[PDB]
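Read the structure below first, then the notes.
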Amino acid sequence: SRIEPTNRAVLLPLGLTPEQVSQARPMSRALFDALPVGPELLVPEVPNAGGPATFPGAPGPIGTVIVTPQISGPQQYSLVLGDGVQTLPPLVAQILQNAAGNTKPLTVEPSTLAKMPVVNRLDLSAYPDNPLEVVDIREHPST
Amino acid sequence: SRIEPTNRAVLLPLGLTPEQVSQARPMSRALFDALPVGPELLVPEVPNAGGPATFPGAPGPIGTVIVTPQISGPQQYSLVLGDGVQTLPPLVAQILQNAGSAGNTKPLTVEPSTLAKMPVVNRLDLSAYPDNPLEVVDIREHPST
C-alpha cells in the first residue's frame, strides 16, 4: 500500500516519520510485481460531506463523527454516512480527527445510537489496529 | 567514548551520577590501545542558534524544541534549524532541553496542520547517542572485561 512523506495527518497516528519514509532502501522490479496492490493510505474521503442525512434522528450532517461511551470497554466511534452511520475503530477515528476540524466529536446516548440504522460503505481494509512495528532493515536485509 | 563529570546536563538523562563516574576503577594500557575510539558524549552543538528562521511560520527562534500533542498520536520531537526542521530521538530531545534550558523547562506544542507546512531538512549528525538509558554494570560483581 502506497504512502507519502508530507502527509503528517496519516503518518502521525500510524507511527511513521518523514525521514524514515524518505530514506527507505530500494526494491527489485521482480518483487514489485508479485505483491498484490492495496489502496492508498490517505484520509478516507467522504462523498457530499456536510449534506443532510437520508434517515430520521441523525445527530448531524454527512461527514460528522459521533461517539458514545459505555459502562465497560472502549467508547464506540462512528461517522455519518448519507444513508446511515458506520462504526469505526479507534485508529481510523484518529485519522479522521486530524484535518482545523472540531475539537471533539458529537457525544450521544447509547440507546438512540443503537436504534439508528447501520450502513457499511467506506473501506477500512488498509488501516491497522495499532502503530506499525516497522522492521529495521539493517538487521533484516532480506524480504 | 569520553565523558566529563562536570556536564550534569548529559549525565542525568543517560542515567549516570557524578560521584559514580569519579569513583570508576583503572584501565590497563594494554586494553586502552585495543578498543577503537568513538565520538565523545557531549551536548549537540546546534549551529547559528537564536537567529530568525528563513522559512515562514517558524514557531520560534532557531534551536528551539518543538513537540506535537499526545491526542493525535505518539509524540514526535523535532528541532527548528535555519532552513527547516529535522527530527530528534527521544533521548536527545531531553538533553537539548536540559542543556539549552537557560531557565526554560518545556517545548512549544504545535498541531499537525501547522507542522505539516514546515519543510523537512537534515543538517546535523546525532547517531552517537543511544535510544534508552544505560545499563551500567556494577564493577564489584564483574571485575573482568
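To be explicit about the labels: the chains of the C-alpha cells are called A, B, and onward in the order shown, and within each one the residues are counted from 1, while ligands get numbers from 1 in the order they are shown.
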Skipping near chain neighbours, those fewer than 2 positions away, what residues fall within 12 Å of residue B:120 using only C-alpha atoms, listed as a short mmCIF file (atom, residue, chain, number, x, y, z; two decimals) with N, CA and C atoms, in the first residue's frame?
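Okay, this is what ended up in selection.cif:
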data_model
loop_
_atom_site.label_atom_id
_atom_site.label_comp_id
_atom_site.auth_asym_id
_atom_site.auth_seq_id
_atom_site.Cartn_x
_atom_site.Cartn_y
_atom_site.Cartn_z
N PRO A 5 5.30 11.20 2.11
CA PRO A 5 6.09 11.81 3.20
C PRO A 5 5.59 13.10 3.85
N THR A 6 4.85 13.93 3.12
CA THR A 6 4.37 15.21 3.64
C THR A 6 3.12 15.10 4.52
N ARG A 8 1.41 14.57 7.29
CA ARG A 8 1.54 14.37 8.74
C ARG A 8 0.28 13.76 9.34
N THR A 17 7.68 8.31 10.45
CA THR A 17 8.41 9.56 10.45
C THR A 17 8.79 9.93 9.02
N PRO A 18 8.75 11.21 8.66
CA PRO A 18 9.12 11.58 7.29
C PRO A 18 10.51 11.13 6.88
N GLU A 19 11.49 11.22 7.76
CA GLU A 19 12.84 10.77 7.42
C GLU A 19 12.84 9.28 7.12
N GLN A 20 12.28 8.50 8.04
CA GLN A 20 12.13 7.05 7.91
C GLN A 20 11.35 6.66 6.67
N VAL A 21 10.52 7.55 6.13
CA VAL A 21 9.79 7.27 4.90
C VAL A 21 10.63 7.58 3.67
N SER A 22 11.35 8.69 3.67
CA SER A 22 12.16 9.10 2.53
C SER A 22 13.47 8.33 2.38
N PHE B 55 12.43 30.17 6.62
CA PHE B 55 11.10 29.77 6.18
C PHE B 55 10.00 30.45 6.98
N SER B 78 11.03 17.50 17.46
CA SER B 78 11.78 17.99 16.31
C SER B 78 12.50 19.27 16.68
N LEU B 79 13.48 19.64 15.85
CA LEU B 79 14.30 20.82 16.04
C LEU B 79 14.16 21.72 14.83
N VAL B 80 14.05 23.02 15.08
CA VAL B 80 13.94 24.02 14.02
C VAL B 80 15.31 24.63 13.73
N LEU B 81 15.82 24.35 12.55
CA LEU B 81 17.07 24.88 12.03
C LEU B 81 16.77 26.10 11.16
N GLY B 82 17.80 26.63 10.51
CA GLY B 82 17.61 27.82 9.70
C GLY B 82 16.67 27.62 8.53
N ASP B 83 16.85 26.53 7.77
CA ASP B 83 16.04 26.32 6.58
C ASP B 83 14.93 25.28 6.73
N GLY B 84 14.73 24.72 7.92
CA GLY B 84 13.68 23.73 8.10
C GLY B 84 13.82 23.03 9.43
N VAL B 85 13.10 21.92 9.58
CA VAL B 85 13.15 21.14 10.81
C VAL B 85 13.65 19.72 10.55
N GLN B 86 14.38 19.18 11.52
CA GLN B 86 14.89 17.81 11.48
C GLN B 86 14.40 17.07 12.72
N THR B 87 14.07 15.79 12.57
CA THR B 87 13.56 15.01 13.69
C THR B 87 14.65 14.76 14.73
N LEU B 115 2.23 22.12 11.60
CA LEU B 115 3.52 21.46 11.47
C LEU B 115 3.79 21.01 10.03
N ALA B 116 2.78 20.43 9.38
CA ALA B 116 2.90 19.91 8.02
C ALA B 116 3.38 20.93 6.99
N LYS B 117 3.27 22.22 7.26
CA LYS B 117 3.72 23.23 6.31
C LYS B 117 5.23 23.44 6.34
N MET B 118 5.88 23.10 7.44
CA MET B 118 7.32 23.32 7.57
C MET B 118 8.13 22.33 6.73
N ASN B 122 17.79 18.09 6.92
CA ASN B 122 18.70 17.24 7.69
C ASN B 122 20.10 17.85 7.62
N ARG B 123 20.54 18.49 8.70
CA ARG B 123 21.83 19.15 8.70
C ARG B 123 22.77 18.85 9.87
#
| message | Give me, as JSON, numbers by chain, the residues of chain B touching chain A, with the criterion being at most 7 Å (counting only C-alpha atoms). | response | {"B": [72, 73, 74, 112, 113, 116]}
Atoms to include: N, CA and C atoms. Write the selected residues as a PDB file, in the first residue's frame.
ATOM      1  N   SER B  72      -3.211  13.337  19.216  1.00  0.00           N
ATOM      2  CA  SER B  72      -3.175  12.971  17.807  1.00  0.00           C
ATOM      3  C   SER B  72      -2.243  11.801  17.530  1.00  0.00           C
ATOM      4  N   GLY B  73      -1.752  11.132  18.572  1.00  0.00           N
ATOM      5  CA  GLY B  73      -0.853  10.008  18.433  1.00  0.00           C
ATOM      6  C   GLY B  73       0.497  10.218  19.081  1.00  0.00           C
ATOM      7  N   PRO B  74       1.330   9.177  19.073  1.00  0.00           N
ATOM      8  CA  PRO B  74       2.636   9.258  19.732  1.00  0.00           C
ATOM      9  C   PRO B  74       3.420  10.507  19.354  1.00  0.00           C
ATOM     10  N   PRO B 112      -0.600  19.253  14.137  1.00  0.00           N
ATOM     11  CA  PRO B 112      -0.192  18.684  12.843  1.00  0.00           C
ATOM     12  C   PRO B 112      -0.428  19.563  11.616  1.00  0.00           C
ATOM     13  N   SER B 113      -1.573  20.241  11.542  1.00  0.00           N
ATOM     14  CA  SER B 113      -1.881  21.097  10.396  1.00  0.00           C
ATOM     15  C   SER B 113      -0.861  22.213  10.211  1.00  0.00           C
ATOM     16  N   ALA B 116       2.781  20.431   9.379  1.00  0.00           N
ATOM     17  CA  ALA B 116       2.904  19.908   8.018  1.00  0.00           C
ATOM     18  C   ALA B 116       3.376  20.931   6.988  1.00  0.00           C
TER      19      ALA B 116
END
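Here the residues within chain B that DSSP labels strand (DSSP E or B) on the basis of the backbone are residues 65, 66, 67, 78, 79, 80, 85, 86, 87, 108, 109 and 120 of chain B.
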| Where in chain A does DSSP assign alpha helix (DSSP H), given as a VMD selection string? | chain A and resid 8 to 14 18 to 22 29 to 34 90 to 96 110 to 115
For the residues selected in the previous step, produce a file with N, CA and C atoms as a tab-separated table (two decimals), in the first residue's frame.
chain	number	residue	atom	x	y	z
A	8	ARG	N	1.41	14.57	7.29
A	8	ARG	CA	1.54	14.37	8.74
A	8	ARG	C	0.28	13.76	9.34
A	9	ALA	N	-0.88	14.10	8.78
A	9	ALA	CA	-2.17	13.59	9.24
A	9	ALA	C	-2.24	12.07	9.26
A	10	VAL	N	-1.69	11.41	8.25
A	10	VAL	CA	-1.71	9.95	8.22
A	10	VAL	C	-0.47	9.34	8.87
A	11	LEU	N	0.68	10.00	8.79
A	11	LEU	CA	1.89	9.47	9.41
A	11	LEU	C	1.81	9.50	10.94
A	12	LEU	N	1.40	10.63	11.51
A	12	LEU	CA	1.42	10.78	12.96
A	12	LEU	C	0.59	9.75	13.73
A	13	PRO	N	-0.61	9.38	13.32
A	13	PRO	CA	-1.34	8.33	14.05
A	13	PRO	C	-0.73	6.96	13.84
A	14	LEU	N	-0.19	6.71	12.65
A	14	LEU	CA	0.36	5.43	12.25
A	14	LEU	C	1.72	5.15	12.88
A	18	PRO	N	8.75	11.21	8.66
A	18	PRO	CA	9.12	11.58	7.29
A	18	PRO	C	10.51	11.13	6.88
A	19	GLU	N	11.49	11.22	7.76
A	19	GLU	CA	12.84	10.77	7.42
A	19	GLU	C	12.84	9.28	7.12
A	20	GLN	N	12.28	8.50	8.04
A	20	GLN	CA	12.13	7.05	7.91
A	20	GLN	C	11.35	6.66	6.67
A	21	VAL	N	10.52	7.55	6.13
A	21	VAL	CA	9.79	7.27	4.90
A	21	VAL	C	10.63	7.58	3.67
A	22	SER	N	11.35	8.69	3.67
A	22	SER	CA	12.16	9.10	2.53
A	22	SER	C	13.47	8.33	2.38
A	29	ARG	N	12.52	-4.76	-9.16
A	29	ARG	CA	11.35	-4.76	-10.04
A	29	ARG	C	10.61	-6.10	-10.03
A	30	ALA	N	11.31	-7.19	-9.76
A	30	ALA	CA	10.68	-8.51	-9.71
A	30	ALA	C	9.73	-8.67	-8.54
A	31	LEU	N	10.12	-8.21	-7.35
A	31	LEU	CA	9.27	-8.34	-6.17
A	31	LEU	C	8.04	-7.43	-6.26
A	32	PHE	N	8.20	-6.26	-6.86
A	32	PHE	CA	7.12	-5.29	-7.03
A	32	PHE	C	5.94	-5.84	-7.84
A	33	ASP	N	6.16	-6.80	-8.73
A	33	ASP	CA	5.07	-7.40	-9.49
A	33	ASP	C	4.38	-8.56	-8.79
A	34	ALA	N	5.06	-9.27	-7.91
A	34	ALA	CA	4.44	-10.40	-7.22
A	34	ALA	C	3.37	-9.97	-6.23
A	90	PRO	N	-10.71	2.76	16.69
A	90	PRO	CA	-10.02	3.93	17.24
A	90	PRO	C	-8.98	4.57	16.33
A	91	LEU	N	-8.11	3.75	15.73
A	91	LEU	CA	-7.05	4.26	14.86
A	91	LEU	C	-7.63	4.95	13.63
A	92	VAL	N	-8.71	4.41	13.08
A	92	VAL	CA	-9.35	5.03	11.92
A	92	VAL	C	-9.95	6.37	12.33
A	93	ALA	N	-10.59	6.41	13.49
A	93	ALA	CA	-11.15	7.66	14.01
A	93	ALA	C	-10.06	8.71	14.21
A	94	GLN	N	-8.90	8.30	14.73
A	94	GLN	CA	-7.79	9.23	14.91
A	94	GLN	C	-7.35	9.83	13.58
A	95	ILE	N	-7.42	9.07	12.49
A	95	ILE	CA	-7.07	9.63	11.18
A	95	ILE	C	-8.05	10.74	10.81
A	96	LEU	N	-9.34	10.46	10.96
A	96	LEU	CA	-10.37	11.44	10.63
A	96	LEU	C	-10.32	12.65	11.55
A	110	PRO	N	-26.26	5.90	24.21
A	110	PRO	CA	-26.18	4.55	23.62
A	110	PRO	C	-27.48	4.01	23.02
A	111	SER	N	-28.62	4.25	23.67
A	111	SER	CA	-29.90	3.74	23.17
A	111	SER	C	-30.31	4.33	21.83
A	112	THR	N	-30.27	5.66	21.69
A	112	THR	CA	-30.61	6.25	20.39
A	112	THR	C	-29.65	5.79	19.30
A	113	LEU	N	-28.36	5.68	19.62
A	113	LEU	CA	-27.38	5.20	18.65
A	113	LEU	C	-27.67	3.76	18.24
A	114	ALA	N	-28.10	2.92	19.18
A	114	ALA	CA	-28.46	1.54	18.88
A	114	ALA	C	-29.71	1.46	18.01
A	115	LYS	N	-30.61	2.43	18.13
A	115	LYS	CA	-31.83	2.49	17.34
A	115	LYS	C	-31.61	2.95	15.90
| request: Can you pull out every residue within 10 Å of residue A:137, counting only C-alpha atoms, but drop anything in the same chain fewer than 4 positions away, and send it as a ChimeraX atom specification? | output: /A:24-25,141-143
Quick one: write out the picked residues with C-alpha atoms as a short mmCIF file (atom, residue, chain, number, x, y, z; two decimals), in the first residue's frame?
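Saved as again-v9.cif:
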data_model
loop_
_atom_site.label_atom_id
_atom_site.label_comp_id
_atom_site.auth_asym_id
_atom_site.auth_seq_id
_atom_site.Cartn_x
_atom_site.Cartn_y
_atom_site.Cartn_z
CA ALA A 24 14.00 3.64 2.80
CA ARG A 25 16.11 1.15 0.79
CA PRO A 141 18.30 -7.27 4.93
CA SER A 142 16.00 -9.79 3.17
CA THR A 143 12.28 -9.94 2.38
#
| Residues near residue B:126, cut-off 9 Å, only C-alpha atoms, skip fewer than 2 positions along chain, as JSON, numbers by chain | {"B": [44, 88, 89, 92, 124, 128, 129]}
Serialized selection, N, CA, C and O atoms, as a PDB file, in the first residue's frame:
ATOM      1  N   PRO B  44      24.934  18.332  21.888  1.00  0.00           N
ATOM      2  CA  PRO B  44      24.984  18.683  20.465  1.00  0.00           C
ATOM      3  C   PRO B  44      25.103  20.189  20.251  1.00  0.00           C
ATOM      4  O   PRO B  44      24.390  20.980  20.872  1.00  0.00           O
ATOM      5  N   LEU B  88      14.219  14.473  15.969  1.00  0.00           N
ATOM      6  CA  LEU B  88      15.094  14.144  17.092  1.00  0.00           C
ATOM      7  C   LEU B  88      14.670  12.859  17.791  1.00  0.00           C
ATOM      8  O   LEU B  88      13.471  12.604  17.942  1.00  0.00           O
ATOM      9  N   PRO B  89      15.620  12.022  18.213  1.00  0.00           N
ATOM     10  CA  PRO B  89      15.256  10.855  19.012  1.00  0.00           C
ATOM     11  C   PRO B  89      14.845  11.270  20.412  1.00  0.00           C
ATOM     12  O   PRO B  89      15.304  12.303  20.928  1.00  0.00           O
ATOM     13  N   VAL B  92      17.656  12.288  22.951  1.00  0.00           N
ATOM     14  CA  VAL B  92      18.403  13.509  22.637  1.00  0.00           C
ATOM     15  C   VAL B  92      17.569  14.755  22.911  1.00  0.00           C
ATOM     16  O   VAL B  92      18.098  15.783  23.344  1.00  0.00           O
ATOM     17  N   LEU B 124      22.394  18.009  10.838  1.00  0.00           N
ATOM     18  CA  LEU B 124      23.348  17.683  11.896  1.00  0.00           C
ATOM     19  C   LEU B 124      23.273  16.212  12.284  1.00  0.00           C
ATOM     20  O   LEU B 124      22.196  15.613  12.325  1.00  0.00           O
ATOM     21  N   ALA B 128      25.339   9.136  17.533  1.00  0.00           N
ATOM     22  CA  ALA B 128      26.194   8.655  18.615  1.00  0.00           C
ATOM     23  C   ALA B 128      25.426   8.215  19.859  1.00  0.00           C
ATOM     24  O   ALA B 128      25.755   7.190  20.463  1.00  0.00           O
ATOM     25  N   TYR B 129      24.409   8.964  20.256  1.00  0.00           N
ATOM     26  CA  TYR B 129      23.684   8.669  21.489  1.00  0.00           C
ATOM     27  C   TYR B 129      22.749   7.463  21.394  1.00  0.00           C
ATOM     28  O   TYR B 129      22.097   7.253  20.369  1.00  0.00           O
TER      29      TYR B 129
END
| Point-to-point distance from atom CA of residue A:88 to atom CA of residue A:124, Å rounded to tenths |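 So the answer is 8.3 Å.
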| query | Counting only C-alpha atoms, which of B:97, B:70, B:1, B:49 gets nearest to residue B:36? | reply |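 Comparing B:97, B:70, B:1, B:49 against residue B:36, the winner is B:1.
The space between atom CA of residue B:109 and atom CA of residue B:62 spans 15.7 Å.
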| message | Need to verify the contact set: stretch 50-64 of chain A, 8 Å, only C-alpha atoms, exclusion of same-chain residues closer than 2 positions in sequence. Can you return it as a VMD selection string? | response | chain A and resid 46 48 66 79 to 84 105 to 106 116 to 117
| said: Would you pick out the contacts of residue A:40 at 8 Å or less, using only C-alpha atoms, so that residues sharing its chain but fewer than 5 positions from it are not included, and give the list as number ranges by chain? | reply: A: 1-3
Next, dump the selected residues to file, keeping only C-alpha atoms, as an mmCIF file, in the first residue's frame.
data_model
loop_
_atom_site.group_PDB
_atom_site.id
_atom_site.type_symbol
_atom_site.label_atom_id
_atom_site.label_comp_id
_atom_site.auth_asym_id
_atom_site.auth_seq_id
_atom_site.Cartn_x
_atom_site.Cartn_y
_atom_site.Cartn_z
ATOM 1 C CA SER A 1 0.000 0.000 0.000
ATOM 2 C CA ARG A 2 1.382 3.383 -1.100
ATOM 3 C CA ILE A 3 2.312 6.160 1.361
#
| said: Just the number, please: distance in Å from atom CA of residue B:59 to atom CA of residue B:91, one decimal. | reply: 22.1 Å
